[PDB]
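A.B. asks: turn this into a structure:
(chains A, B, C, D and E, ligands or ions: 6)
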Amino acid sequence: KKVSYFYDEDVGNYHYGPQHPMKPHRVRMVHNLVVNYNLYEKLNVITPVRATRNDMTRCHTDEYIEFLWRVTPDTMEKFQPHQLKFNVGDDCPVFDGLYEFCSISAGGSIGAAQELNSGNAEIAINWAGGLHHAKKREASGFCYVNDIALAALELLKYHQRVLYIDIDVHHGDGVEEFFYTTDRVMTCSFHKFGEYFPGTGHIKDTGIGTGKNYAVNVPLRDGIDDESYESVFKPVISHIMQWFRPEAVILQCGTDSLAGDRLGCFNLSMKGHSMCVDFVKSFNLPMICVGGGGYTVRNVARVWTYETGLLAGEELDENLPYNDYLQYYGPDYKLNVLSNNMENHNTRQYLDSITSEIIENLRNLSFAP
Amino acid sequence: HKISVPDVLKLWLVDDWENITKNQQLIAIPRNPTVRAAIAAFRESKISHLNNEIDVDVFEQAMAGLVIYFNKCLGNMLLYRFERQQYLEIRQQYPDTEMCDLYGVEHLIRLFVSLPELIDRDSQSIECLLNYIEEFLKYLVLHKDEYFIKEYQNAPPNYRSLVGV
Amino acid sequence: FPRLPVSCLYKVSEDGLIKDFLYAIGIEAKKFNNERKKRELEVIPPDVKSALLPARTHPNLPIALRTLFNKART
Amino acid sequence: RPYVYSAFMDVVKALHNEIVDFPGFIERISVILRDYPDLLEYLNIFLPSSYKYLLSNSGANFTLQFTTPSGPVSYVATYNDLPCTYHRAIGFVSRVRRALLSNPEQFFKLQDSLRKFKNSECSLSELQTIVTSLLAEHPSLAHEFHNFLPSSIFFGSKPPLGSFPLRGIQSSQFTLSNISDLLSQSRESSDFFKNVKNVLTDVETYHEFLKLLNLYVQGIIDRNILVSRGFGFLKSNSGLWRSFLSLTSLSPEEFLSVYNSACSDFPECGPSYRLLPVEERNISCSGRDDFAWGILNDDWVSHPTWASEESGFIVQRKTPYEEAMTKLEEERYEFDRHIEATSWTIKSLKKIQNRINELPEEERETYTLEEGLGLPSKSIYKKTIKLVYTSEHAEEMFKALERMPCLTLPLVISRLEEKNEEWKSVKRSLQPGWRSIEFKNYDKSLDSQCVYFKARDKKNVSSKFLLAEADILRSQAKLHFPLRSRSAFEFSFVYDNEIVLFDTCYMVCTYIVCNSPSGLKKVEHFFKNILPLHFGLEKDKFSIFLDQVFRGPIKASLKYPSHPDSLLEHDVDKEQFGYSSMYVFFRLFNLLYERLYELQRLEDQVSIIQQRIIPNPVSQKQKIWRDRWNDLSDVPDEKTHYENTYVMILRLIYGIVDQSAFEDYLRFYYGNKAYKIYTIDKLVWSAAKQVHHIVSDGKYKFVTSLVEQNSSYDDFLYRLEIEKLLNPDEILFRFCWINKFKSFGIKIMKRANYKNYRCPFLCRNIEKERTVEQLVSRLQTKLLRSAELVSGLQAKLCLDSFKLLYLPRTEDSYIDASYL
Amino acid sequence: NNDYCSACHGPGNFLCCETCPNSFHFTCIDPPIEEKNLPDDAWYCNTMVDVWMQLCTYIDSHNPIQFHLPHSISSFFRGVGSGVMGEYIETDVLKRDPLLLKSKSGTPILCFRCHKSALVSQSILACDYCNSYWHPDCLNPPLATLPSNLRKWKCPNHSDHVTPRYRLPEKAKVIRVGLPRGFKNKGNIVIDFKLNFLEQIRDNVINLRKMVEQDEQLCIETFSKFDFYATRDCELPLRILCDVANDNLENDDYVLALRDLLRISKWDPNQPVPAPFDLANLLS
Ligand SMILES: [K+]
Ligand SMILES: [K+]
Ligand SMILES: [Zn+2]
Ligand SMILES: [Zn+2]
Ligand SMILES: [Zn+2]
Ligand SMILES: [Zn+2]
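C.D. replies: Numbers count the residues shown, from 1 in each chain, chains lettered A, B, ... in the order given. Ligands and ions are numbered 1, 2, ... in the order given. The protein structure is shown below:
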């Protein structure tokens, strides 16, 4: 009955590249607020046991987990053909101290799952790792090791059914591909389908094998506001809880679905993003809330902090205390994050049609022979 | 000069063309019947009409010359660019094997078809050559489960990036 | 000797097509109606496999279910 | 209004046919008759005793009553779903029996007391008082019982917290009656194929339906693909589709279940999954066991696409004021990352030193260490030393660190601290400039429209666009109702607020008085004479209070004007006809009216946009708190904020404020919510450029002079406009006015593009009527009460000699009732 | 040199040539090596079956090329052409603005499904194989974006979405099938004043009164049932709840929910089912 929090202080010091949009810095910023709000006396803070080389191969191939372990930026001509077979090198770059970062993230989320499995935590947080793009045989879109597909397998040891909700702006496609033929992990994802990054995530991609009708994709258009999102989000998740009837949830609370993001298209805000966490929290299931995207670090640092205090059952004031990055937080030094006035493209027609199609697919287990 | 092709073979050739140069699919190169079994299987079926001796000698000469020749064009001009990478790998997994022992008749009809062009440099021999070319074509199409594949293979994900994808 | 599976386009008449369609669909509808009627009278054994096979909309499921749930209950 | 009437009738129909329950009827009606509180108050007579609307403030807030609570109007178009309700009932009784397990008589009294209510022997307010008595200690249960009550049913498209759905939903395809056309349209052998050729009029849409039927015949598709691919062919004929559903013996409760699955696919994996080669499906992951190869997908890959933007994340362009907060953020990050890394390293090396110097003094002198000392994260330690220590000279400093870490340890700790202080010093001296750029770019980064709306709205206010929209609305209504469309009224505007209706005209002539020094003998003649002809104004208070403009009191005071009282007096009360140049004025005028009405309704939340910027005590450490009310010039001193925004628009018009100062004023007060006022100068320029056209141009001056002179006589107007044809080059519209509801209305009537017409008859001869729809009604009742009416006469056209050829023996004969 | 492979006309890492200046992908070259030749390359600068095998051995000295097809096999079917580097393209699918209001033939532009224009939902789509317009929000999969303006689009109302693939010999003709029933195929078929205006006005008036009487009689029968509509449709959830809480196995819609529960926990047919209340401890 105390939200178990996972933080390893060494994480903020890893650096992808010259102007890469990904800054691990932002998990440090969060903790600053979390530590000055007198929050970390209410949480149950735990340093993760780093993940070895033998854990990350429970879902990845040995010639890959054993390539990340040996590549360095200096000796990257002795691995020159290996950074095309494995996709490392230019967009998921080689940086000083890569394998230790992967160990940190993976060990944190595997430890969260282990914490839930024993009756010790009912919620467990890990903002360091929500890397949901990483493939079993290569790296994809700023991710190298798929930590969610390692916490799900460890969750699939005491729980019959497990649900993975994904509110990033991108399609979480590695976690879907890892579980595309099983009726024990249902992967639901609200993403921006179009000419957008992953390229995948059609509404017609809905399972195979024994796990047919067990993958849910909700393709939106750009500019979705905070009320359109709630209309399309609450009924889908209520229907999934009525039909699938999970036993533990993994929520990936990515924050490029927010307004003013250097990579996102949506138009959410801090409350428009927190209503999802608050709604999923209300069902009394063991949850694991992990990080994800988010490339405008002043907004990320404040939203994840609000939600950390939200899950913990505490009320945070709207004024940021004295912290070490206060001058990041703009004029007005408030906790909130506010929306653009950008135009929405999701008509009510679009949202009703796709919601009813999803419910059609979801009902098709007792409504079929 | 011009040879005639069964319209079934035109359909199959154009299907292979689209399947590899557009859909990024591959033929699983180690061929159960190879280019060497598929010439002996034609000789041992055509030898029943080898009555006159000069014709026997010309038939033997043609078959031997053409197998050793198909070995001299499988690296030059019987592959699309998307098929060069898969070449190297096999050339590195089977270092000193003859090519007309791994590739099959999918790659051999490409040589029959492309020979009013290569023949431009003419008393009798060209006609007797093209005759067996035509009879070989219609002898292959009759045996569509002896000399042809049942699927094109999906080019692996790592494979695409190495050629230009 | 095998030849092309599609060698040309064919012109058809609308009325022969329409009579063909009416015949085919009359046959199919006569089939489905007797299938419906025979399903209407099935038993669905009472204590048989839990998590039954039939579709939800089966006129005799809710007596199989009733008798096995009254079995298990006391 | 044909759409509103037809929508009411369809919702009543669907209640009768049982596509819609009482909740669905109530809520769809609430959405249809929202502007008509007279009709809702009338309907309240029929509704049952306990389920009535509760209108307030003339119909600005209504909430239907129920048996236990009242419930406010939301809309999503809910339907009914019984399995969901049974699942909620099962869960709730589960939890309730699990909470009361102690004494087995308070779940007994909840059992034998819902039974009585089921028969009849309790009531909502009688059962609820016992349910609220048993579930007294458990306040989370008694809060879930409130979802099984008559109030949670009505607007229930949103599930509560911790609860399965309440209703079901479906699409509606833009119908004012939120009813899906999968349930409306779908709830002989010569009767079917005769009609299909009438409906499917295009001859290559009919052929494409016969080919669907043919490839059904051949065996390529099954029954379901046929009945689901044919819906999109013949569904806008509720008899054709219902016929087809019986010609194939497919009942409508099954077509619903099979419709979605049977119109397309790359199925059973979807557009982006490929099966791996058999050789790859064996690459080995050494950590999995039995369980994880028999859960993880190994067969199917999907992989990162290109439809032009999908390999790598490379997102679109942003406003030039978000390229300046990204840059600021990057600079701050560079400094902070170097400082924090060097500090981590200092702390770690100090910890190593406080363990090497906690031993007896004889072993300290050579107590050795590995290459990365003991740190599990030696990457940080390596990079900081390579940076501080001149990388070309860092190598030895690694070496010396590992063999004598009792002489070198403090020597390098000191150097790291010195460099750190240098970095912090450089940092503290640039935070001023960071703050000063952040204070500029921040506000117009939550405001994207100050760049894009400037051209979107420029396409909005065109002539070609507004005319094209009138024409397409005419042709869209000429297809839903081929009979009740001659009462068209494409656009119906309601100008109820006169305090905004005075301000619109005020502004449009205040623009002209200053920007163009001509007219004003005709621009005031326009506003004094022509506008009350169309608009039903007092014309004497109006032209009194409208001279606060044409003669001055402005530019030194420039106040908000005084308003008349009752600017509006109290079938069509005034109809006029006019061509396109007047239609465009009536379009721009309503644009401006809607803008100022939005602006006037904004000012109620302006009190919570000003609480988002209340001071932060902790930032009163003398960092920025650069308050925003110091770059604002003199703010006006009127009563409420709408008048001040009005004075600021007048200043922008007069040239005493440029666009930047004006937009900054708007942003301070209304947030990013006032972005359609940003282009309110070119709007008023457009309206004032039209008003300057209804008065000159040598072609429209005559039309307006005629309209004015035959206004002293209704018959003269509509005869000279509609049956005598002075038309120059235009469309013809008829503008109405209904006083009781203050409604305006436009309607196309003709064109003016052939015509050497003189007249058939003598307009003196048919003189009766006042309006023109009354003229048409008189013709109709003269035809219905006729004493004889025969129309045998037919004819034919002569090709390339367009004369009529009346085929012989055919005659026509009418006789009126008074003749005999 | 030239910056395209001398075999396949492709971009990438080229092995260039010093003497005979050309470029090769080095695996599009002669026998592929792998890469890595830094010194000079000089890539190939230098009446019976006897002379024809001398042709065979003479083919060596001519700098490899890609394989394409002869002109007779690629130019044989309908809508098949090569690219620019000799790949297979479809020449029948080649050659956007969201808000269209009137076509250039001066007709309205209204959706085929709901009949409304490109003003209810911001955008409309035009078919290139028909004369029909659609809203992307009305297709059933709903298009989240719009296709490119260089490839043609096809509305839902064609049968090409169900006829599998056949390709036509590009010089075939249309055979007029005179056979008046039972013709087998697989989808390859082509198919073979009063001047009364007063009567029209009277027509319209009487039709309108017909419609008015129709709905006037509809509301008469509907509006008298409100009292039982309201009662049943609003006390439904409490009747469902009274049936579940009393465990009515005769409510044939209760046991169907119980079967959903047996179908969610994936019951094994070997164990006995639990009492209907004890299966409900799946829910909590
Ligand atoms: K799954
Ligand atoms: K997502
Ligand atoms: Zn993302
Ligand atoms: Zn090449
Ligand atoms: Zn539509
Ligand atoms: Zn079309």
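
A.B. asks: and residue A:243, what does it touch?
C.D. replies: A:362-363, A:365, E:264 (CB atoms under 8 Å, 6 or more residues apart in numbering or on different chains). C-beta coordinates here come from the backbone N, C-alpha and C atoms, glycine included.

A.B. asks: with residue C:42 instead?
C.D. replies: Applying CB under 8 Å, 6+ apart, the residues near residue C:42 are C:58, C:60.

A.B. asks: got it, and the one 5 residues further on?
C.D. replies: Shown in contact with residue C:47 (CB under 8 Å, 6+ apart): C:67-68, C:71.

A.B. asks: quick one: it and residue C:65, what's the gap?
C.D. replies: In this structure, residue C:47 and residue C:65 are 11 Å apart, going by CB to CB, to the nearest Å.

A.B. asks: kindly report the same for residue E:55.
C.D. replies: 82 Å.

A.B. asks: cool, and residue A:326?
C.D. replies: Residue A:326 is 64 Å from residue C:65, by CB to CB.

A.B. asks: buried set for the longest helix along chain E?
C.D. replies: If you go by DSSP state H, chain E has its longest helix at helix E:197-222. Buried residues in helix E:197-222, counted by 16 or more other CB atoms under 10 Å in any protein chain shown: E:198, E:202, E:205, E:215, E:222.

A.B. asks: in three-state terms, how would residue D:63 be classified?
C.D. replies: The local conformation at residue D:63, judged by DSSP: H, G, I helix; E, B strand; the rest coil, is strand.

A.B. asks: bridged to it, which residues?
C.D. replies: In this structure, residue D:63 bridges to residue D:72 when assessed by DSSP bridges.

A.B. asks: still on that earlier bit, which one's more surrounded, residue E:55 and residue C:65?
C.D. replies: Between residue E:55 and residue C:65, counting by other CB atoms under 10 Å in any protein chain shown, residue C:65 is the more crowded of the two (24 against 14).

A.B. asks: give me the nearest residue to that one, chain neighbours excluded.
C.D. replies: residue E:255 (4.0 Å; CB to CB, 6 or more residues apart in numbering or on different chains).

A.B. asks: can I take it that that neighbour is in a strand?
C.D. replies: No: assignment of residue E:255 by three-state DSSP gives helix, placing it outside any strand.

A.B. asks: how far away is it from ligand 4?
C.D. replies: Taking CB to the ion, to the nearest Å as the measure, residue E:255 and ligand 4 are separated by 69 Å.

A.B. asks: that residue contacts residue C:67, correct?
C.D. replies: No: using CB atoms under 8 Å as the test, residue E:255 is too far from residue C:67 to be in contact (10.0 Å).

A.B. asks: ignoring the adjacent residues along the chain, who's closest to residue D:232?
C.D. replies: Using CB to CB, 6+ apart and skipping residues adjacent in sequence, the residue nearest residue D:232 is residue E:156, 5.1 Å away.

A.B. asks: for residue D:650, which non-adjacent residue is closest in space?
C.D. replies: Spatially, and ignoring its direct neighbours in sequence, residue D:650 is nearest to residue D:558 (5.9 Å; CB to CB, 6+ apart).

A.B. asks: can you map out the helices along the chain?
C.D. replies: In the absence of a named chain, this looks at chain A. Under DSSP H, chain A gives helices at A:26-36, A:62-68, A:82-85, A:98-117, A:148-155, A:173-177, A:226-243, A:270-280, A:297-311, A:348-363.

A.B. asks: I was after chain E.
C.D. replies: With DSSP H as the criterion, chain E has helices spanning E:49-58, E:71-74, E:197-222, E:226-245, E:254-264.

A.B. asks: helices and strands around the longest helix of chain E, which ones?
C.D. replies: Where contact means 3 or more CB pairs under 8 Å, 6 or more residues apart in numbering or on different chains; DSSP states H and E, helix E:197-222 is packed against helix D:2-17, helix D:773-784, strand D:788-791.

A.B. asks: and with 6 Å instead?
C.D. replies: helix D:2-17, helix D:773-784 (3 or more CB pairs under 6 Å, 6 or more residues apart in numbering or on different chains; DSSP states H and E).

A.B. asks: need those in JSON lines (columns: distance to chain E and mean neighbour count).
C.D. replies: Shown next, in JSON lines, are the helices and strands packed on helix E:197-222 (distance: least, CB to the nearest CB, whole Å; neighbours: other CB atoms under 10 Å in any protein chain shown):
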{"stretch": "helix D:2-17", "distance to chain E": "5", "mean neighbour count": "18"}
{"stretch": "helix D:773-784", "distance to chain E": "5", "mean neighbour count": "14"}
